[PDB]
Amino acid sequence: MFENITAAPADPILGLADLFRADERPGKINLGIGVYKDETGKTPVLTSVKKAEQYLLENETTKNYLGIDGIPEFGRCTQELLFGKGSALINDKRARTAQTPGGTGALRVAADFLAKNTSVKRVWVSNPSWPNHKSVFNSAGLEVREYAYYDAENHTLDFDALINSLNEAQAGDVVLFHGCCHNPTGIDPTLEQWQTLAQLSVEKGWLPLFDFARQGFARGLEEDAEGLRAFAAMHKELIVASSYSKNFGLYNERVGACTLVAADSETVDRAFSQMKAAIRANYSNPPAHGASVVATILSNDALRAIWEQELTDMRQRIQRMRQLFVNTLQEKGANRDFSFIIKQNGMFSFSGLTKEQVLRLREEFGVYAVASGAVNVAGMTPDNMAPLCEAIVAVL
């Protein structure tokens, strides 16, 4: 049965990582992966988390299965975060949330759901996007088209190009949006743009799918959600996939959610049932540990305060590295302006580098960027900035 199986192509992200290890060179930097890093170059366990964990150690009396959708408080807490405390969506019992194994698991779950219960055939993602988007949708047997997004020339959002590709999209098509902190560009729309896209969407019959993997990393928890919120204000239906991997430092625990929104309660309920059937035939029910830690923290005022502060620290550290990066770029001879960087959000920055430049950076230099050409500002440290900056100049 397996003699003729072909090797699978290496994973664009994961693949690069494997090689980072094998590169046995001393002073090699590693800016190519969307995980948070501290001033010391480590990815620690949050203090709020370690606390929520003592608590769970002390208080759990059973490990009996959660329900297919997971921890209820988990669900309410997420919807609050997404939509806001006094949301009508919430008030009208118009949304349902399923706890899933990470942001990926949600996407997948949303994928299977749509493929088997709807007339959906195509999902539109941006160019560029997180490479894994395509594989997940394609796995559900859905088509993935692409929309223009980035302006290679001006290092900004190509609004017209974007609105222009979107016209090849049919009513009933799924359009995927990065909630904030676009991967891998770091370029997000403005509130005004989001509002324009929102009106367009309803005018056109698109089904919005938001990918929210870094809420709290652009401007702050609430700000970062104004986009989603503008859509939710006019859409009857919508889907949201979120992840708590970056914001809670819970990567390996697989904490995310899939929120389904319908015109009304009777509808989401009917629909949510199919979504649950989908989960049942996939992984059955979710992993408790990380979601539990999340609920505990979001529910306890003290823990939650420590957490938001930890989040703020992470976010500020990033903002520090962008400025420091363009600065050192300048003081290092670079004679290209890297100031657009400063206007970018999140961990990712589309530096401007070329496919070859990237190869070079890593071959000669030991500096590992993303295949796509983006760098993870979060892997930069006051210590590694110089060396890293010399190398980039050396290839411009």
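Note that residue numbering begins at 1 and tracks the sequence as displayed.
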Seminar exercise, completed: Once average C-alpha B-factors are taken from the entry for 32 to 40 and 326 to 334, the winner is 326 to 334
Problem set entry | Which of 91 to 99 and 150 to 158 has higher mean CA B factor, as the PDB entry lists it | 150 to 158
Exercise. Per the PDB entry, which option out of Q79, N167, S284, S129 has the greatest Cα B factor?
Worked result: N167
Exercise. Quick one: which of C258, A288, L191, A263 has the biggest Cα B-factor according to the entry?
Worked result: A263
For this session: Pull the Cα B-factor of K50 out of the PDB entry and bin it into the chain's lowest, middle or highest third.
Result: lowest
Exercise. Is the Cα B-factor recorded for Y368 in the lowest, middle or highest third of its chain?
Worked result: middle
For this session: Consider only the C-alpha atoms of the modelled residues in this chain, order them by B-factor as the entry records it, and name the third containing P12: lowest, middle or highest.
Result: middle
Exercise. Which third of the chain holds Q309 when residues are ordered by C-alpha B factor: lowest, middle or highest?
Worked result: lowest
For this session: Please rank the C-alpha B-factors of the chain's modelled residues and tell me whether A225 sits in the lowest, middle or highest third.
Result: lowest
